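For reference, the chain that follows is the form deposited in one PDB entry, supplied as structure tokens.
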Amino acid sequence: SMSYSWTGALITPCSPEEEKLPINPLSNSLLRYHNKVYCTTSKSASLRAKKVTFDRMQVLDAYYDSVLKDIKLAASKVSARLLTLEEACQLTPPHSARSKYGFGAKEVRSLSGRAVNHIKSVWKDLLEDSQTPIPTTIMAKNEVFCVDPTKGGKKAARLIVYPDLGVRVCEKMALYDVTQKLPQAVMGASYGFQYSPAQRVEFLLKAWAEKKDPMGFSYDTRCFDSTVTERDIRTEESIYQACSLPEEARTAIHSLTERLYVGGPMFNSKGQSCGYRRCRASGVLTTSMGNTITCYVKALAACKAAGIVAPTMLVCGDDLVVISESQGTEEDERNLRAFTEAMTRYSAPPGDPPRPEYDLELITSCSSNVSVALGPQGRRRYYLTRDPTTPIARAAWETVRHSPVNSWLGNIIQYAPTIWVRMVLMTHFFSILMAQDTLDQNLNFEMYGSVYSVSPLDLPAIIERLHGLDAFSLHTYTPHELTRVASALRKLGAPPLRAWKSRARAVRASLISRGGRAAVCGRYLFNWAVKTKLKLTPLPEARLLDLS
């Protein structure tokens, strides 16, 4: 019923937090310097807590029961195995929060005796005790954004709840294989985390075109993790148990569910008792899978209850998109309210009220949207994009405060064909790499389910294999996309696109001077910056393949 209960103890930081940069070397232009970027910190943790703390009223119906039955049948078609202790240790990222038991990721990844022995006792404890709640640590996330004076004030920090390192390894042993198969088995094409950008585009276009008169909407649940009830979480376990799993995993899964996922005591960085959770914990292995499947179920039952006609959905955690047959604007608005009302009954209230959309380009799925531009031959070419405000804000921050994993490399790769990646991010970072003389240096970034290491000097081949040769020749972007990029640059206080184009020439010229891979980067990545474009022929792209 109540998402959380608090003792009064504060949510404390573990290190001194920085909220603003001393200098922003991206939003600077000879005579115009700005710094509108910020990082969330502990100071806003109490605000967040108040936002996410409320009573959940949940009431199901025949629509829900029916859909859940279908999903459990689908789940019985899956088989999963226990992960080996070694396999689980090997899946532990390099710098994940150390344990309070005398070891860190380093020791787990190398299987040191202390870590291994501890994990074995934890796992054993899961098999014996299925009741005792596992303590969790709660902390405020430090994420970078750009002030948006019109939409509102600075965002409050997100809260992150997670168990000790030893428990996190045991989660993988029991549910990792499941997290890799279950969502697709029960959702099929609707499971969003299975598509590369080109496929996501193909999916959205295909969904929009199959309707005689399309209408779509992206649902946004207000504090989704906070809306999922204990009932929802136990139901998720029955869905897992529907699978074909070894008795030992079933035991651990039930324990993990009753002692962790369902809820439990939270402590701050100081060890003080902070409160009690009765909703989704943000830092557990099953959060992405649990949210996705629970959102799909509620969403599918909602569509039926509301009478949504021929719905095709795409789910990405708590982000949901529905494309169906339009019934006329009047009827579509009535159907959406009905949908929203049902979602609310299922305890999945909306943040921003949903509204019908009749232009595919304006529908945001998994944070992105489809747009179009012209290829070298002049034909239409579709690609995935998104609002660049946050992505660039973080690129600026990561320019000054160098982090272990870079978000900018990831955005460049995932959004290579976008005009904001080509004219801003690429021009900026290649200029910064040559300034520091670190072009061939490998960097780490994230696409989820991993951290990848790559050299900027290999970007052109990576981009061709991922998006094709057209990624270097798109032109004539839509007025909606150009406007959005321009708005983003204004809010950031960065120079306009035409200025980046001036700079791109010098970057391109410098790269070509260095010859080698750098020269390729210059000719391919900046062919847009010159009037007399070069040829551009296939590269040794046919020598790689990605997982994410």
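Residues carry their position along the shown sequence, with the first being 1. Basically, rigid core = biggest C-alpha set you can superpose within 1.5 Å across the two forms.
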Cross-entry absence of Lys151, a third or more of other PDB entries: yes
Average Cα temperature factor in the PDB entry - higher stretch of 433 to 441, 126 to 134: 433 to 441
345 to 353 set against 302 to 310, stretch whose average Cα temperature factor tops the other in the entry: 345 to 353
Selection from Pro388, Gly263, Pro417, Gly317 [criterion: highest C-alpha temperature factor in the record]: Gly317
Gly375 CA temperature factor, ranked by third within the chain: highest
Chain third (lowest, middle, highest) by recorded CA B-factor, residue given as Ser273: lowest
Among modelled residues of the same chain, the CA temperature factor third for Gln199: middle
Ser5 - Cα temperature factor, lowest/middle/highest third of chain: lowest
Position of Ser42 among the chain's modelled residues by C-alpha B-factor, lowest, middle or highest third: middle
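If you look for the form deposited in another entry, you will not find it shown, but the lines that follow are about it.
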Option from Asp437, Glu247, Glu128, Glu330 moving between this form and the one not shown, CA shift at or above 2 Å, rigid core reference: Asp437
Core fit, then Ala49 C-alpha moves 2 Å or more between this form and the one not shown: no
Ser450 C-alpha moves between this form and the one not shown by 2 Å or more, core aligned: yes
Exceeds or equals 2 Å, Cα of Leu10 between this form and the one not shown, core fit: no
Sense of the change in Cα distance from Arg48 to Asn24 in that other deposited form - at least 3 Å versus the shown form: farther
Distance direction in that other deposited form for the C-alpha atoms of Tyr448 and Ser218, relative to the displayed form (3 angstroms or more): closer
